[PDB]
Amino acid sequence: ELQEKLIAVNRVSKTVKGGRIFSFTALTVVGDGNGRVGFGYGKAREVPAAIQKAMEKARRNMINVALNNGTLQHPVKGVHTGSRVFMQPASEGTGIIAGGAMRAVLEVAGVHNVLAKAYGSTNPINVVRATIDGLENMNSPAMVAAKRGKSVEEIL
RNA sequence: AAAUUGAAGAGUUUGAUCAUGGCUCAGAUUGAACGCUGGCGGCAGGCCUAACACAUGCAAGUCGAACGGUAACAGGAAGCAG
Ligand SMILES: [Mg+2]
């Protein structure tokens, strides 16, 4: 029912004639726990405002994910520029074995049993982007059946 | 019947950013040592260095059913003296 959680809040600076201008960026992630997950990156002069902006962004532009019984559909890799991510379905009771950002994104998405690792850069925004991309691309057996022109029973 | 149920990151370069890239940390372990402290038990372990030098005691004897035998001991026998 739209569970949301803020991964990282980071202070960034701009320089002007006067001096430095600080502002805050908030990376949040929302999801319905049934497949839908979406991340948002808001910027404002103060943290709460930034978070609100991020939340609105995340709530819009969500994406559907094919989940098989609260777990992944197959082992999937994902990249986004520096962040290359691996995530593998695991037996019921394994829990989310996943990094920071990754854990958040998976949890809001609704995966209950995963084995993840973040290779490459572990920059939260890029890592979240990578995970969402991987989750999105991951197809289900009904999808493969549709593509190949067979029944799901012939493929298994 | 069961005996692979298995994979987490963080700090640190920049006014800020992403990347590269090192350093550091979170875990487990030990024939450990040192500091402070210290009640009991169970089960293990205990010269990693000088294969350096070694006082002293012990760590390989046994068989008389292989053999001459009796140093003893322990006993009887024969000779005896009270
Ligand atoms: Mg030695």
# chains A, B, ... in the order shown; residues from 1 in each chain; ligands from 1
$ select_by_dssp --residues "region 1-155 of chain A" --states "strand (DSSP E)" --output "ChimeraX atom specification"
/A:3-15,20-31,37-44,76-80,83-89,96-97,114-120
$ interface_residues --of "chain B" --to "chain A" --cutoff "10 Å" --atoms "only C-alpha atoms (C1' of nucleotides)" --output "PDB file with N, CA and C atoms (P, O5', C5', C4', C3', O3' and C1' of nucleotides), in the first residue's frame"
ATOM      1  P     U B   5      21.198 -25.242  -0.933  1.00  0.00           P
ATOM      2  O5'   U B   5      22.269 -24.413  -0.089  1.00  0.00           O
ATOM      3  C5'   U B   5      22.276 -24.446   1.336  1.00  0.00           C
ATOM      4  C4'   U B   5      21.569 -23.273   1.976  1.00  0.00           C
ATOM      5  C3'   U B   5      21.606 -23.303   3.508  1.00  0.00           C
ATOM      6  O3'   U B   5      22.065 -22.059   4.040  1.00  0.00           O
ATOM      7  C1'   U B   5      19.405 -22.889   2.706  1.00  0.00           C
ATOM      8  P     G B   6      23.635 -21.780   4.220  1.00  0.00           P
ATOM      9  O5'   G B   6      24.142 -21.743   2.714  1.00  0.00           O
ATOM     10  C5'   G B   6      25.400 -21.197   2.365  1.00  0.00           C
ATOM     11  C4'   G B   6      25.278 -20.216   1.226  1.00  0.00           C
ATOM     12  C3'   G B   6      24.535 -18.942   1.558  1.00  0.00           C
ATOM     13  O3'   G B   6      25.404 -18.051   2.231  1.00  0.00           O
ATOM     14  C1'   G B   6      23.971 -19.733  -0.617  1.00  0.00           C
ATOM     15  P     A B   7      24.979 -16.557   2.621  1.00  0.00           P
ATOM     16  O5'   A B   7      25.560 -15.638   1.461  1.00  0.00           O
ATOM     17  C5'   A B   7      26.879 -15.119   1.547  1.00  0.00           C
ATOM     18  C4'   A B   7      27.179 -14.111   0.464  1.00  0.00           C
ATOM     19  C3'   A B   7      26.079 -13.074   0.228  1.00  0.00           C
ATOM     20  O3'   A B   7      26.641 -11.788  -0.005  1.00  0.00           O
ATOM     21  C1'   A B   7      26.648 -14.070  -1.795  1.00  0.00           C
ATOM     22  P     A B   8      27.168 -10.906   1.221  1.00  0.00           P
ATOM     23  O5'   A B   8      26.028  -9.812   1.354  1.00  0.00           O
ATOM     24  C5'   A B   8      25.554  -9.084   0.228  1.00  0.00           C
ATOM     25  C4'   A B   8      25.482  -7.611   0.536  1.00  0.00           C
ATOM     26  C3'   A B   8      26.768  -6.987   1.048  1.00  0.00           C
ATOM     27  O3'   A B   8      26.782  -5.611   0.700  1.00  0.00           O
ATOM     28  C1'   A B   8      25.129  -6.855   2.721  1.00  0.00           C
ATOM     29  P     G B   9      27.154  -5.156  -0.786  1.00  0.00           P
ATOM     30  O5'   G B   9      27.863  -3.755  -0.573  1.00  0.00           O
ATOM     31  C5'   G B   9      27.120  -2.593  -0.258  1.00  0.00           C
ATOM     32  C4'   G B   9      27.085  -2.340   1.227  1.00  0.00           C
ATOM     33  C3'   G B   9      27.800  -1.088   1.690  1.00  0.00           C
ATOM     34  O3'   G B   9      27.012   0.065   1.518  1.00  0.00           O
ATOM     35  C1'   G B   9      28.475  -2.881   3.032  1.00  0.00           C
ATOM     36  P     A B  10      27.690   1.440   1.064  1.00  0.00           P
ATOM     37  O5'   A B  10      28.458   1.931   2.359  1.00  0.00           O
ATOM     38  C5'   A B  10      27.737   2.289   3.522  1.00  0.00           C
ATOM     39  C4'   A B  10      28.663   2.538   4.676  1.00  0.00           C
ATOM     40  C3'   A B  10      29.693   3.620   4.454  1.00  0.00           C
ATOM     41  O3'   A B  10      29.137   4.904   4.621  1.00  0.00           O
ATOM     42  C1'   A B  10      30.741   1.754   5.385  1.00  0.00           C
ATOM     43  P     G B  15      37.941  21.662  -2.232  1.00  0.00           P
ATOM     44  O5'   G B  15      36.441  21.680  -1.719  1.00  0.00           O
ATOM     45  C5'   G B  15      35.985  22.675  -0.814  1.00  0.00           C
ATOM     46  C4'   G B  15      34.601  23.148  -1.179  1.00  0.00           C
ATOM     47  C3'   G B  15      33.671  22.087  -1.721  1.00  0.00           C
ATOM     48  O3'   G B  15      33.108  21.299  -0.692  1.00  0.00           O
ATOM     49  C1'   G B  15      33.529  23.995  -3.071  1.00  0.00           C
ATOM     50  P     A B  16      33.275  19.708  -0.694  1.00  0.00           P
ATOM     51  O5'   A B  16      32.213  19.215  -1.758  1.00  0.00           O
ATOM     52  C5'   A B  16      30.841  19.175  -1.431  1.00  0.00           C
ATOM     53  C4'   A B  16      29.976  19.306  -2.649  1.00  0.00           C
ATOM     54  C3'   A B  16      29.911  18.131  -3.599  1.00  0.00           C
ATOM     55  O3'   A B  16      29.081  17.094  -3.125  1.00  0.00           O
ATOM     56  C1'   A B  16      30.230  20.072  -4.840  1.00  0.00           C
ATOM     57  P     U B  17      29.554  15.571  -3.214  1.00  0.00           P
ATOM     58  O5'   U B  17      29.433  15.268  -4.761  1.00  0.00           O
ATOM     59  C5'   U B  17      28.185  15.418  -5.408  1.00  0.00           C
ATOM     60  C4'   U B  17      28.293  15.242  -6.897  1.00  0.00           C
ATOM     61  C3'   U B  17      28.833  13.923  -7.373  1.00  0.00           C
ATOM     62  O3'   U B  17      27.874  12.898  -7.263  1.00  0.00           O
ATOM     63  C1'   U B  17      29.738  15.663  -8.659  1.00  0.00           C
ATOM     64  P     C B  18      28.225  11.524  -6.538  1.00  0.00           P
ATOM     65  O5'   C B  18      28.665  10.585  -7.731  1.00  0.00           O
ATOM     66  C5'   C B  18      27.791  10.334  -8.813  1.00  0.00           C
ATOM     67  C4'   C B  18      28.549  10.223 -10.108  1.00  0.00           C
ATOM     68  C3'   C B  18      29.578   9.118 -10.191  1.00  0.00           C
ATOM     69  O3'   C B  18      29.014   7.827 -10.283  1.00  0.00           O
ATOM     70  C1'   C B  18      30.469  11.062 -11.126  1.00  0.00           C
ATOM     71  P     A B  19      29.802   6.589  -9.657  1.00  0.00           P
ATOM     72  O5'   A B  19      31.170   6.590 -10.451  1.00  0.00           O
ATOM     73  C5'   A B  19      31.327   5.783 -11.603  1.00  0.00           C
ATOM     74  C4'   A B  19      32.639   6.055 -12.279  1.00  0.00           C
ATOM     75  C3'   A B  19      33.824   5.308 -11.736  1.00  0.00           C
ATOM     76  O3'   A B  19      33.777   3.935 -12.063  1.00  0.00           O
ATOM     77  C1'   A B  19      34.434   7.511 -12.203  1.00  0.00           C
TER      78        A B  19
END
$ residues_near_ligand --ligand "ligand 1" --cutoff "12 Å" --atoms "only C-alpha atoms (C1' of nucleotides) and all ligand atoms" --output "number ranges by chain"
B: 31, 47-52
$ atom_distance --atom1 "CA of residue 135 (chain A)" --atom2 "CA of residue 39 (chain A)"
12.7 Å
$ select_by_dssp --residues "chain A" --states "alpha helix (DSSP H)" --output "ChimeraX atom specification"
/A:47-59,100-109,124-137,141-148,152-155
